[PDB]
Amino acid sequence: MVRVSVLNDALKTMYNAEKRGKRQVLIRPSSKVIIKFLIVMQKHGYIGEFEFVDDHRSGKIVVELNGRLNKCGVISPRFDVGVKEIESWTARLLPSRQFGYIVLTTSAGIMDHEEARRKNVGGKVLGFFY
Amino acid sequence: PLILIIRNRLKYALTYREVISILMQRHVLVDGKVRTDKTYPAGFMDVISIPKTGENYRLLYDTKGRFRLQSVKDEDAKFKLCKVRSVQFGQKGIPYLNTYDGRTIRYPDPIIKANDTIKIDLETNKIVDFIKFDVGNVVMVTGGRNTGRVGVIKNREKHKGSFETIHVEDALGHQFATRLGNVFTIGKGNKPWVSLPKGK
Amino acid sequence: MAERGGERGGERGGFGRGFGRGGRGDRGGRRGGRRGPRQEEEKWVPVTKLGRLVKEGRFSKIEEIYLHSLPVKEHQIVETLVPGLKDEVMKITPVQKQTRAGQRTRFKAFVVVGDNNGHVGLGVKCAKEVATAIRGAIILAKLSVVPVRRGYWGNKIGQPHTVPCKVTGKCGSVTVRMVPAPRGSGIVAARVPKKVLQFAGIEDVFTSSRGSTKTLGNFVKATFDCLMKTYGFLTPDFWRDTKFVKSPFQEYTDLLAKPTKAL
Amino acid sequence: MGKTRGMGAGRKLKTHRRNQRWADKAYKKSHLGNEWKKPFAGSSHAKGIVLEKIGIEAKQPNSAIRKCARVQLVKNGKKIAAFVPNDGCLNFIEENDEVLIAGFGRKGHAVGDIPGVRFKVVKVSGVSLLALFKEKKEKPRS
Amino acid sequence: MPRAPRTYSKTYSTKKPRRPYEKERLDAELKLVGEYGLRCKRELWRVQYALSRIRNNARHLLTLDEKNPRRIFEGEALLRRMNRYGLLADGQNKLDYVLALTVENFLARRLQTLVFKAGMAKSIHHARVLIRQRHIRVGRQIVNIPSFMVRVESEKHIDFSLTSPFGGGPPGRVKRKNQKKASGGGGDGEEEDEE
RNA sequence: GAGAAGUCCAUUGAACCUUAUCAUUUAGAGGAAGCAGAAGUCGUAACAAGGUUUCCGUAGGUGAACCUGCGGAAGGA
RNA sequence: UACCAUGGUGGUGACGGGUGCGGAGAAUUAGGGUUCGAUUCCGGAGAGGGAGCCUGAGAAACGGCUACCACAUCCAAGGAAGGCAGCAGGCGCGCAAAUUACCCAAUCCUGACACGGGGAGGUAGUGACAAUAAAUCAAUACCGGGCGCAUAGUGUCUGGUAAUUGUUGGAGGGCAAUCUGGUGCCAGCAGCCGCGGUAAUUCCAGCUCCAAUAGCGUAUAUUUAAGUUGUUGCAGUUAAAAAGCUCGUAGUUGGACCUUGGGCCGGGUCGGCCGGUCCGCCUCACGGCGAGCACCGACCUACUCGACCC
RNA sequence: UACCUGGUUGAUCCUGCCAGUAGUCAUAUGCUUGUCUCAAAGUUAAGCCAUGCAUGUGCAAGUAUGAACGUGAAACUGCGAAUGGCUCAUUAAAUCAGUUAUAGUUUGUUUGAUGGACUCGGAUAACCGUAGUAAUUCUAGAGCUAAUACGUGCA
């Protein structure tokens, strides 16, 4: 299959762990998710070490919070890509109440729900980062 | 149809089963002729026409799409625009150019494709002008939600099987396109029919 | 009732805010608990880099360190000791001395009830439960009752006689009480499903409710709460799940608001 | 869950299965039966009751027009029924009592209770007290 | 039928005295049971207003109440109307009040704000005072009447809708005994036993 | 020049009887004892290491509950 | 229909069997689905069963024939004679559904040249089978009780009397509502539970209590609840449940990086009848009906851009 | 709003179902209906049918007209009786829906197009006069008569 879930699980598990950061292997779609996470300030930053020739890559993703509570109160997959459970621009069923965001690989790219909504695009939800 | 539309002008009260008398009183004309006929159909651009101390009306569409009468000037009453709905091609240069009202014309006159319109008087059954379906000309839209609006053609897109959409510049507000069937040409630089308030 | 919701800003995010404020701290994460140990170690390295030791005690230092050992002392909180809750309710008064202590004139298992103030107390229900012994099988009773002030915490207690159980029960709910932040005129802050065992206990913000969690709804000071609690009509469990909801709220604003620490 | 929701050639398989497993009742109902059925009976008998306790209700067996013979319970106190008559049956369910799949509800010839009040449309009589029963008996005779 | 709900409403209002507790459901229900009762209108009916109220978008509680100025309600704030289900209510059926210059005579319609309620000239001058006066006078008379009378259920004065009942003088005794012997054997039940 | 009653060949191509069989409603040759009511007899299996630890595939066989041979299991000492 | 070729189809369900019209739509339920598919609108089909034909622009014809069969009918009994699943109405089947009525005034249509016709259709009679609003009480004075004041007496509401003014369901629990009389596991009752084995909270009567109230419950059908067909919305270790396990396919899915197309997506513009549903306005005293206006509709068809991922 | 509560039990929690409760139909039992006002109105037999009746027009479609008094009217010819109505038996099907195809094809009448006042004869119903299986239904031996229905000459 797809990685996707591992990345997600790794993050929340990490938060509970109070781990400084986590690492794993990555793509454009799972860099893409990571970037959205950074954009909406879920994580401090992410890096993809060794990215040019070696057989693999990895991605050092740094978690945000440290202390008290953790930023990622809850993150869950719903349904990955290739796909079906599919939403429309308008169909957008959801969680939070706009507190959180839902990473949606849209048509356009992987963007957040709000952008896609604007973007006038539907796509396939990745997960509901809260 | 002629009955429905004259009957539409009435809708205050008290005809319909009595209907028959209006026609008999020979006070109704369609395109400058006598018809007294209960099953008669009429359609867009027909000119319909009342007494004696009387008036003239043009069949038009309202913004939704039903056919309704509108008061028309005597000057305008003289003319009618006929859309070329189909063609059986040929002779010499004659297509048999069918028009929307159901009129035949065989032959020249200098042009001519479907969606072009012919400006015709009434008495003689003479063709004054041809209004080409092309960019820069003005059109009125015959049906739909989009109905009852006018615009200038910005561009036409042609595809396989049929010429799909006609794009309009216009609006007092903004741009819109419709399929060709919808488009009825009403004006060119040389000759317009347009003097009727406006519009999205 | 409705729906996301909107307006206004700060006003709106007020109420229970303080319990929110402190409380954000005290669960998770490295500060707070969860277990907090090595996370201490990881903590020690930062703080030094920051405030800085001035290196023979002197003036400055003596203060600073005790300004550190207080986030640490605070960190301990596992939300069964008053802190966050306390400051909100009021307070001052002789009575306050007695509660922090130690048994002065009063307090043995008591003394928080006076302080909170007026409020309705209604019996939810009383139930049986029959437990079989050598000579004869001894009828008991277990009564679940709520007076609640403005937070939420349900109580089940029993006694071999019907009347004594409730009296002590009334204290029992008011002490060890946790304030969910409502956010609207009796509306939940964000949708949460809380579950213990095989009960599927979801709440979302729509209309009125029915049964066991309806009388609970009224007493937390909710007025529109659409609670689909399904997997048992067994009433003792139904209230119990719902209490775990109404104390560990964990809406976004909770996650973001954290920056600050207190004496 | 198995697949959940994908594409390439695949929804159809567990549409098939669900119909097949189906508990409740298929193809509406009649292996006896339903609808208002008027069985004319000539068996008055008494039958026993379900595993929990005893009694002995008075019952009347009836053979249905739609070809079945079963035992039906009669509700209300007291009763009489005669030449045939035609007593109309609701066919309500107990969820069970032995051999007693239906009961005959009050209907035409099926009478109601000794002149009362209390009540009168469960356990049932006539105008004020009685008046209906007197007329009722007459019908079948002539 | 109307007397009875008003009596219950009054009972709920007052106090101390005898009684135990309640349950779950009963709390939600009982409240619903008061607010309809002021209006002295039916339950099909509060709920039908309630349903249009649930259906209009806005803050749920308020709209039902907030859109309780209904022609009946309104008269009550204006204080011309003695109680809602008043003699004035009956006056609304009499056609005495106007809305938009036009008449209606159902109480049930829902008034919106900035509507004018005035009486009407014609209806001031009542048809059936004249007739009452008429006897006196130059004739006969004989009084009055409220009633509590009847006619059916059945004189005494405590009577009808509603009720009094009476039908007194049973004796049921025998009839049960007449169903205890009768309902007995035969008719049971083919038991062949012998000890 | 039209062409009535009309008679024949060919074709589409009705209804009774000829099949032979399948289906439905039915009854039914003769027959087996699956569940059940409580008001029965037989033994006392299982139920506590149930007085021979239970259960199980498998065949044999016993009034029967069942027994046991073989091998397996611990939901068993 | 000749001749030549022997085929074409189906593990993505062909061929076949059963089914107590298809769509527009109805009912639900917060959404999803479930359900329902019909009388009406629309298309198709058949007129006792079945084939064929003339006529006419159009019929393979309910109000035409031919004519086998099925079945009533007429008979001066030789021979003819019929089409109600068209209205009204009969018959019997069944749980059960209307006057052997009135009119073309409206509405639309056949006819044709100008007023004629219609069981299309409308009326009224029947009729609580969907709907709603109003009664019957009710407003008010005065004696008697409680609450706001303060033995009493004031201010206010009830339990009756005096003046004028326009029924049915249940009451142990579910589930809301503790008498008295009579019976005693007998009789009967409760759709589960359970009640009666003599002072019954459950029978039955009568008082009283009350839910709802010109309606009500009861049954049938159906759906929600019931996440109990689970897509949203569940299990398979001991609860129904993990295939003894493998070798392998058709069938679900797919690690990284660059680039090209573009089936999966935005805008569209067509159609999405009316009725119904929702908003709001008036019209018959009101309302529901009905009128007029507005707002929403999946999805599916043109066109162009667009590429992250399959 | 929707949400649940009773029963496995000494008592408990979980699995799980029965049952109440909620809404609803083109329906029945029905006790009970003072009221205005609109509405459903045989998924049983596509069983079988008595009685009246469900299609008509000449003041410019057509020449003529016994009988009735230019006015009405019976037959022939033209337009119509196929529209409409109602029932889902048949019925899972290019049957129907939605989109296209159709120069691969029809459209009379009509709306519209294209073509275009010499002389004429022919027989016929009604009306009649009687009739056969004959009470018959039915139609003919039969006198008489009219055709923008017919047949022609034709720039």
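Residues numbered from 1 in each chain as written, not as in the entry; some residues may be left out. Chains lettered and ligands numbered in written order. Part of a larger assembly, values for the part shown. Heavy atoms only, no water. Residues with missing side-chain atoms left out of burial classes, pairs and counts.

Per the PDB record, the structure was determined using cryo-EM to 34.00 Å resolution.

Draft legend 1. Summary view of the interface of chain C and chain E. Residue-level contacts link five residues of chain C with six residues of chain E. Taking both sides of the interface into account, the surface hidden between chain C and chain E amounts to around 540 Å²; carbon and sulfur atoms contribute 55%. The three residues of chain C that bury the most area against chain E are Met1, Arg210 and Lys214 of chain C, which together make up 63% of that side's buried surface. Scanning the region where chain C abuts chain E turns up one salt bridge. We note a salt bridge from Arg210 of chain C to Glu24 of chain E, for which the minimum N-O separation is 3.3 Å. The tally of links between chain C and chain E comes to one residue pair in polar contact. When the residues that make up the side of chain C that touches chain E are grouped by side-chain class, the tally is two nonpolar, one polar and two charged. (Contact = heavy atoms within 4.5 Å. Buried area = accessible area lost by both parts, 1.4 Å probe. Salt bridge = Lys/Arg side-chain N within 4 Å of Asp/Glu carboxyl O. Polar contact = N/O pair within 3.5 Å; in protein donor to acceptor, adjacent residues only side chain to side chain. Nonpolar A, V, L, I, M, F, W, Y, C, P; charged D, E, K, R; others polar.)

Draft legend 2. Inspection of the sheet that holds strand 2 (residues 57-63) of chain D at higher detail. All names here are of chain D. Here we have four strands laid out as an open sheet, ordered 1-2-3-4, and mixed in their pairing. The outermost strands of the open sheet, each flanked by one partner alone, are strand 1 (45-47) and strand 4 (102-104). Between one strand and the next, the sheet's axes are offset by a mean angle of 55°, whatever the strand orientation. One ladder, built from three bridges, connects strand 3 (residues 69-74) with strand 4; its direction is parallel. Bridge pairing in strand 4 places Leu73 opposite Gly103. (Pairing = 2+ DSSP bridges. Helix = DSSP H or I, 4+ residues; strand = E, 2+ residues; numbered from the N terminus. Axes fitted to C-alpha atoms, helices over the stretch in contact; angles between N-to-C directions.)

Draft legend 3. Representation of the protein's contact with RNA strand G within the structure. RNA strand G sits among 139 residues. The nearest are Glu157 and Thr165 of chain B, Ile65 and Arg118 of chain D together with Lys10 of chain E. In RNA strand G, the atoms that sit within 4 Å of the protein are 78% sugar and phosphate, with bases accounting for the remainder. A distance of 3.4 Å separates a sugar or linking oxygen of RNA strand G from a polar atom in the backbone of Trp36 of chain D. Between RNA strand G and the protein, one listed contact pairs a sugar or linking oxygen with a side-chain N or O atom of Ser161 of chain E at 3.3 Å. Along the lines of polarity and charge, the residues of the surface near RNA strand G split into 56 nonpolar, 33 polar and 50 charged. (Near = heavy atom within 4 Å.)

Draft legend 4. Geometry of the protein's contact with RNA strand H. Near RNA strand H lie 37 residues; those nearest to it are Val130, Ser208, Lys229 and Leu234 of chain C together with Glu95 of chain D. Among the atoms of RNA strand H lying within 4 Å of the protein, the sugar-phosphate backbone contributes 73%. The separation between a phosphate oxygen of RNA strand H and a polar side-chain atom of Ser212 of chain C is 2.9 Å. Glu24 of chain E is positioned with one of its side-chain polar atoms (N or O) 3.1 Å from a phosphate oxygen of RNA strand H. Looking at the surface near RNA strand H, the elements with two or more residues in it are strand 2 (130-132), strand 8 (226-230) and helix 10 (235-245) of chain C.

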